[PDB]
Ligand SMILES: *[C@@H]1O[C@H](CO)[C@@H](O)[C@H](O)[C@H]1NC(C)=O
């Protein structure tokens with residue numbers, strides 16, 4: 267159920283913030299980060315997808 | 005309610021000419037549906053009928 | 002001859018649904034209170050304006 271990630275029209279990005287500073291074609295890259303939840307909760311946006319393929 | 009429109013066809017907002025499985029039938033035309041009906045939440049319910057997808061040949 | 006137009010703007014946040022501050026204006030207040038009276042063996046209490 268809830269199979270939604272067939273429609274992920276790509277935002278394919280050569281990740282600049284790879285290991286030891288410089289760039290690599292990383293799909294695990296962070297694009298947006300939310301921490302404003304006052305309980306120390308960290309909403310992190312990875313450039314890859316889990317769960318639904 | 006109100007009918008949705010792919011710039012020539014006034015279909016019901018969750019019932020297009022390709023009712024259902026819009027992306028399986030027409031992928032890039034569903035992308036043009038995204039480009040055209042981005043104002044329309046009934047189109048988003050059609051997309052939900054492709055997100056909770058219920059195709060013809062797929063029994064789910 | 003490879004160029005990149007680039008574009009950005011500012012929106013509201015995720016917090017604005019429930020978590021938000023209010024620059025709020027008020028003027029001349031109201032005088033309400035609450036009192037308990039002992040009256041003929043009755044600890045009885047009311048609240049009024
Ligand atoms: C009535 O209220 C007073 C406090 O105002 C308290 O000292 C007293 O014990 C109370 N008496 C009874 C009978 O409730």
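Residue numbers (the working numbering), protein chains in the order written: chain X, 267 to 319; chain S, 5 to 64; chain P, 2 to 50.
Ideal placement from N, C-alpha and C gives every residue a C-beta, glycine not left out.
I'd like to know whether the C-beta of residue i is nearer than 7 Å to at least one C-beta of chain P.
i	result
residue 298 of chain X	no
residue 302 of chain X	yes
For residue i, which residues in the same chain have their Cβ closer than 8 Å to its Cβ, ignoring the five residues on either side in sequence?
i	result
residue 313 of chain X	277, 279, 281, 292, 293, 294, 295, 296 and 297
residue 11 of chain S	40
Would a check of beta-carbon distances place residue i closer than 7 Å to chain X?
i	result
residue 55 of chain S	yes
residue 8 of chain P	no
residue 12 of chain P	no
residue 16 of chain P	yes
Starting from the C-beta of residue i, find all residues in its chain whose C-beta is less than 7 Å away, skip the five residues before and the five after it, and write them out in chain order.
i	result
residue 21 of chain S	13 and 15
residue 9 of chain S	none
residue 64 of chain S	58
residue 15 of chain P	none
Out of curiosity, what's the CA-to-CA distance linking residue i and residue j?
i	j	result
residue 275 of chain X	residue 30 of chain P	56 Å
residue 319 of chain X	residue 18 of chain P	30 Å
residue 270 of chain X	residue 50 of chain P	58 Å
residue 320 of chain X	residue 283 of chain X	Absent from the model: residue 320 of chain X. The displayed extent of chain X is 267 to 319, so no value can be given.
residue 5 of chain S	residue 43 of chain S	15 Å
residue 9 of chain P	residue 33 of chain P	52 Å
residue 37 of chain P	residue 45 of chain P	6 Å
residue 11 of chain P	residue 48 of chain P	49 Å
residue 42 of chain P	residue 307 of chain X	56 Å
Assuming residue i and residue j make a contact with CB atoms under 8 Å, what is their CB distance in whole Å?
i	j	result
residue 18 of chain S	residue 62 of chain S	Between residue 62 of chain S and residue 18 of chain S the Cβ distance is about 17 Å, and since that is not below 8 Å, they are no contact.
residue 273 of chain X	residue 58 of chain S	Wrong, their Cβ atoms sit about 15 Å apart, outside the cutoff.
residue 26 of chain S	residue 37 of chain S	7 Å
Give the residues of chain A in contact with residue i, contact being defined as C-beta atoms less than 8 Å apart.
i	result
residue 309 of chain X	Reference to chain A is not applicable here, since the protein chains of this structure are X, S and P.
Using a Cβ-Cβ cut-off of 6 Å (strictly less than) and excluding sequence neighbours within five positions of residue i, which residues of its own chain qualify?
i	result
residue 41 of chain S	8 and 47
residue 51 of chain S	none
May I ask which residues mark the beginning and end of the beta strand (DSSP E) holding residue i?
i	result
residue 37 of chain P	34 to 39
What residue does the alpha helix (DSSP H) around residue i start on, and which one ends it?
i	result
residue 296 of chain X	Unbroken run through residue 296 of chain X is the beta strand (DSSP E), 296 to 300; no alpha helix (DSSP H).
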